[PDB]
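Those protein sequence lines, which keep their order, are chains A, C and B. First residue of the first sequence: 2, per the authors' numbering; consecutive thereafter. First residue of the second sequence: 6, per the authors' numbering; consecutive thereafter. First residue of the third sequence: 1, per the authors' numbering; consecutive thereafter. Where is the CB? At the ideal position from N, CA and C, for every residue including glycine.
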Amino acid sequence: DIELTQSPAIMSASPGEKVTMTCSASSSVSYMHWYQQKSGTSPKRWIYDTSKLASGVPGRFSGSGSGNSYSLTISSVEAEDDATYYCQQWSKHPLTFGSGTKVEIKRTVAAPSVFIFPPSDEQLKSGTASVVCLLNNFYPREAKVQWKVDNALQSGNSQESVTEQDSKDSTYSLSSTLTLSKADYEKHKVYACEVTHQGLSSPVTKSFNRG
Amino acid sequence: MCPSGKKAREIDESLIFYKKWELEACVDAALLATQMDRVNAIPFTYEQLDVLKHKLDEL
Amino acid sequence: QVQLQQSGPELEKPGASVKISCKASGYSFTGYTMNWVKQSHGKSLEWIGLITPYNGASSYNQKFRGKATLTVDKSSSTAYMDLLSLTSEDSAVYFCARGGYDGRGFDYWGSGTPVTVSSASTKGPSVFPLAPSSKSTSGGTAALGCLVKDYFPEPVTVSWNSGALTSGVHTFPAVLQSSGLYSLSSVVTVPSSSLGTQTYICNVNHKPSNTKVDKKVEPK
């Protein structure tokens, strides 16, 4: 089977730049096609027959390549090009795909705005309590969160989740959820989460009192 | 011109990924006549089929 | 407009089989091959195989021979894929995609059918409010959301005010709890001055447990 090696695996690009991503095929390919897929959508045919624009694709995308080395070029990158691009060989049965080059957009540091949410009354009578810490619209992606209950550095109980990059402002948002028993929640009084990030010159803490 | 390495030696399913023009260039009619019985089991498109039918009329 | 409408999320026990479907409209069904693709959560794409609907001829990627069976019903312009003897390694999203004229890749794709293979049983989410305050007042911009806890399988849908409200929204990736259940939050930022007047509702759909839920989210 034809093996497709895409690189780089992750490309980060400042808007306005010209950038090219590659797809090496393990042996000779007659035509290559490319698809753009954005977190949570079906893939979309982007370039086909190696070098032709699929319907609706902006003119700044192009494709070329011969024999074993194929490439996809964005002649001027833009916020909305954040996606994963997969190559596909249309040459030897069975059809094979590369594992994708993911394009993330460079923008300027943007500190998270931070919000904390106490467990709702509805949920408490359930048996369990969930405190949520939201970090909204930041960049770049790396953030540290820490939970602290009456100043006891939590650990084991939390789980984070991060959105994919926004196609318009290029930011991320991240949540952290501390989960406890009705019992251990009813114990303490002060719940905070402490955030550090590239664009914060010191840690932001958002706390609250069962009150 | 058949692209280097691409000439059909059997009428089999790896032909489904030949473009119309590549069928025309790469599939000798004689071959195709002898393995005619294979074709209707290979998921060819109407466009690919038109080309194969043209081949057999060449003869 | 060409359209490939795939069937909903499935949940199946290891060893069962499931038949997923793809109904094509907006073109001549027999004019184009139909293809199936598998994508493992967080992974690459693999071609399963294709079929020409007119006569039903088909071709498979060897790796999927036996695992999958492709068929069509011309009279409803529907294509089908049977997945047999399921294991957890079949848990994935499966797409159908029409092959463009003369081999030009896959030019239209369906929305995808997520299939989950596990022993656990369907449970629907409980849906709690993430409510704003003066602990959610950032200079006249406030944050609020819904927490959608303890459910299975994926996926769940969320929208706000029934699609009315999109700007500002972040619906987070579901996270697999130790519970063995999923959970996720959806949030949205708004101006503070809008809270008195405006009222916000998250809409939760979970097709597997037939759960459809609207939580009014208010301060205090």
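Self-check item: Selected residue, minimal CA-CA separation from A/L54, among A/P44, A/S67 and A/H34
Solution: Within the first sequence, numbered from 1, the residue matching residue 54 of chain A stands at position 53. Out of A/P44, A/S67 and A/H34, A/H34 has the C-alpha closest to the C-alpha of A/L54.
Quiz item: Where does the unbroken beta strand (DSSP E) through B/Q5 begin, and where does it stop?
Solution: By one-based count along the third sequence, residue 5 of chain B stands at place 5. Per DSSP, B/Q5 is one residue of the beta strand (DSSP E) stretching across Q3 to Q6.
Exercise. Verify the CB distance criterion: does B/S138 have a CB-CB separation below 8 angstroms to chain A?
Key: Taking the third sequence and counting its residues from 1, one reaches residue 138 of chain B at position 138. By this cut-off, B/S138 is an interface position.
Quiz item: What are the boundary residues of the alpha helix (DSSP H) that C/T39 is part of?
Solution: The count along the second sequence starts at 1 and reaches residue 39 of chain C at position 34. Annotation for C/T39: the continuous alpha helix (DSSP H) segment containing it runs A34 to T39.
Quiz item: Taking 8 angstroms as the CB-CB limit, is C/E15 close to chain A?
Solution: The residue you call residue 15 of chain C lines up with position 10 of the second sequence. It does not; no Cβ of chain A falls within 8 angstroms.
Quiz prompt | A/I117 versus A/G200 - alpha carbon distance | solution = Taking the first sequence and counting its residues from 1, one reaches residue 117 of chain A at position 116. Taking the first sequence and counting its residues from 1, one reaches residue 200 of chain A at position 199. Just so you know, the alpha carbons of A/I117 and A/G200 end up roughly 19 angstroms apart.
Quiz item: Quick check: the stretch 170-181 of chain A against the stretch 136-149 of chain A, are there 3 or more CB pairs under 8 angstroms?
Solution: As far as the Cβ criterion goes, the stretch 170-181 of chain A touches the stretch 136-149 of chain A, which means the pair count is three or higher.
Exercise. Give every residue of the same chain whose Cβ lies closer than 6 angstroms to the Cβ of B/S7, excluding the five residues on either side of it in the sequence, and list them in chain order.
Key: As a first step, residue 7 of chain B must be located in the third sequence, where it is residue number 7. For B/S7, where only same-chain residues beyond five positions count, the Cβ hits under 6 angstroms are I20, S21 and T113.
Self-check item: Contacts that A/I3 makes with chain B (C-beta to C-beta distance below 8 angstroms)
Solution: Residue 3 of chain A sits at position 2 when you count from the first residue of the first sequence. Under the 8 angstroms cutoff, chain B gives no residues; its nearest Cβ is about 11 angstroms from A/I3.
Quiz item: Quick one: is A/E105 near chain B, going by C-beta distance under 8 angstroms?
Solution: Your numbering for residue 105 of chain A matches position 104 in the first sequence. No, no contact with chain B.
Exercise. Would you mind telling me which residues of chain C sit closer than 7 angstroms to B/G103, beta carbon to beta carbon, in chain order?
Key: Position 103 of the third sequence, counted from the start, is the residue given in the question as residue 103 of chain B. One finds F22 and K24 in chain C with Cβ atoms closer than 7 angstroms to the Cβ of B/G103, taken in chain order.
Quiz item: What are the start and end residues of the alpha helix (DSSP H) that includes C/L57?
Solution: For the purposes of this step, residue 57 of chain C is taken as residue 52 along the second sequence, with counting starting at 1. For C/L57, the uninterrupted alpha helix (DSSP H) run begins and ends at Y51 to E63, by DSSP.
Exercise. Can you grab the Cα-Cα spacing for the pair B/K43 / C/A35, in whole Å?
Key: Position 43 of the third sequence, counting from 1, holds the residue named residue 43 of chain B. Position 30 of the second sequence, counting from 1, holds the residue named residue 35 of chain C. Annotation: B/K43 to C/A35 spans about 45 angstroms, alpha carbon to alpha carbon.
Quiz item: If contact means a Cβ-Cβ distance below 8 angstroms, which residues of the stretch 84-118 of chain A contact chain C?
Solution: Contacts with chain C (Cβ-Cβ distance below 8 angstroms) from the stretch 84-118 of chain A involve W91, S92, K93, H94 and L96, listed in chain order.
Quiz prompt | At least 3 beta-carbon pairs within less than 8 angstroms: the stretch 176-196 of chain B vs the stretch 136-148 of chain B | solution = Segments in contact, yes.
Self-check item: For B/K19: DSSP bridge partner residues
Solution: For this step, residue 19 of chain B is matched to residue 19 along the third sequence. Per DSSP, the beta bridge partners of B/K19 are B/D82.
Quiz item: Does the stretch 158-177 of chain B come close enough to the stretch 92-101 of chain B that 3 or more CB-CB pairs lie under 8 angstroms?
Solution: Not touching, per the Cβ criterion.
Quiz item: Considering A/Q124, what are the terminal residues of the beta strand (DSSP E) in which it resides?
Solution: Here residue 124 of chain A refers to the residue found at position 123 when the first sequence is read from its first residue. Not the beta strand (DSSP E): A/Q124 falls in the alpha helix (DSSP H), residues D122 to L125.
Quiz prompt | Distance, A/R46 Cα to A/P16 Cα | solution = Numbered from 1 along the first sequence, position 15 holds the residue referred to as residue 16 of chain A. Numbered from 1 along the first sequence, position 45 holds the residue referred to as residue 46 of chain A. Note on geometry: alpha-carbon atoms of A/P16 and A/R46 lie some 22 angstroms from one another.
Practice problem: Scan the stretch 19-50 of chain A for residues whose Cβ lies nearer than 9 angstroms to a Cβ of chain C and list them as they occur along the chain. | Solution: Taking 9 angstroms as the Cβ-Cβ cut-off against chain C, the residues of the stretch 19-50 of chain A that qualify are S29, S31, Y32 and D50.
Quiz item: Nearest-angstrom Cα distance between B/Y32 and B/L50?
Solution: The sequence position of residue 32 of chain B within the third sequence is 32, counting from 1. The sequence position of residue 50 of chain B within the third sequence is 50, counting from 1. Between B/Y32 and B/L50, the C-alpha separation is close to 10 angstroms.
Quiz prompt | 8 angstroms Cβ cutoff met for C/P48 and A/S31 | solution = Residue mapping note: residue 48 of chain C aligns to position 43 of the second sequence, counting from 1. Residue mapping note: residue 31 of chain A aligns to position 30 of the first sequence, counting from 1. In this structure, C/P48 keeps its C-beta atom at 8 angstroms or more from the C-beta atom of A/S31.
Quiz prompt | First through last residue of the alpha helix (DSSP H) which encompasses A/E187 | solution = Start at 1 with the first residue of the first sequence, and residue 187 of chain A comes out as number 186. Taken as a continuous stretch (DSSP letters only), the alpha helix (DSSP H) holding A/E187 covers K183 to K188.
Quiz prompt | Start-to-end residues for the beta strand (DSSP E) that takes in B/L45 | solution = Position 45 of the third sequence, counted from the start, is the residue given in the question as residue 45 of chain B. Per DSSP, B/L45 belongs to the beta strand (DSSP E) from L45 to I51.
Practice problem: Indicate the three-state DSSP secondary structure (helix, strand or coil) for C/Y23 in the structure shown. | Solution: Position 18 of the second sequence holds residue 23 of chain C. Residue state, collapsed to three classes: coil.
Quiz prompt | Distance between beta carbons of A/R61 and A/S72, contact taken as under 8 angstroms | solution = Position 71 of the first sequence holds residue 72 of chain A. Position 60 of the first sequence holds residue 61 of chain A. Separation of the CB atoms of A/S72 and A/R61 is rounded to 14 angstroms, and the pair is thereby denied contact status at 8 angstroms.
Exercise. Measuring alpha carbon to alpha carbon, tell me which of A/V146, A/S63, A/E105 and A/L5 ends up nearest A/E165.
Key: By 1-based counting over the first sequence, the position of residue 165 of chain A is 164. In terms of CA proximity to A/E165, A/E105 leads the group A/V146, A/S63, A/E105 and A/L5.
Quiz item: Between which two residues does the beta strand (DSSP E) containing A/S70 stretch?
Solution: The sequence position of residue 70 of chain A within the first sequence is 69, counting from 1. It spans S70 to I75 - the beta strand (DSSP E) in which A/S70 sits, taken as one unbroken run.
Quiz item: Cα-Cα, which of A/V58, A/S70 and A/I11 is closest to A/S27?
Solution: Within the first sequence, the letter at position 26 stands for residue 27 of chain A. The option with the nearest alpha carbon to A/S27 is A/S70.
Quiz item: Taking the alpha-carbon positions, what's the A/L179 to A/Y186 distance?
Solution: Reading the first sequence from its first residue, position 178 is the one you call residue 179 of chain A. Reading the first sequence from its first residue, position 185 is the one you call residue 186 of chain A. For A/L179 and A/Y186, the distance between alpha carbons rounds to 10 angstroms.
Quiz prompt | the stretch 138-158 of chain A touching the stretch 140-156 of chain B, judged by at least three CB pairs closer than 8 angstroms | solution = Because the criterion of three Cβ pairs below 8 angstroms is not met, the stretch 138-158 of chain A and the stretch 140-156 of chain B do not touch.
Quiz item: By Cβ distance, which residues of its chain are closer than 8 angstroms to B/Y80, with the 5 residues on each side in sequence left out?
Solution: By 1-based counting over the third sequence, the position of residue 80 of chain B is 80. Closer than 8 angstroms at Cβ, skipping near neighbours: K19, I20, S21, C22, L70, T71, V72 and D73.
Exercise. Alpha carbon to alpha carbon, how far is C/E15 from C/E27? Give it in angstroms, no decimals.
Key: Taking the second sequence and counting its residues from 1, one reaches residue 27 of chain C at position 22. Taking the second sequence and counting its residues from 1, one reaches residue 15 of chain C at position 10. Cα to Cα, the separation comes out at about 15 angstroms.
Exercise. Could you tell me the distance, in whole angstroms, from the CA atom of A/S100 to the CA atom of A/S56?
Key: Taking the first residue of the first sequence as 1, we reach residue 100 of chain A at position 99. Taking the first residue of the first sequence as 1, we reach residue 56 of chain A at position 55. Cα-Cα distance, rounded: 24 angstroms.
Self-check item: Pair within 8 angstroms by beta-carbon distance, A/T42 and A/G66
Solution: Counting from one through the first sequence, the residue named residue 42 of chain A turns up at place 41. Counting from one through the first sequence, the residue named residue 66 of chain A turns up at place 65. Result no, Cβ atoms of A/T42 and A/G66 do not sit closer than 8 angstroms.
Quiz item: Do the stretch 107-121 of chain B and the stretch 161-170 of chain B meet, that is, are 3 or more Cβ pairs less than 8 angstroms apart?
Solution: These segments do not touch.
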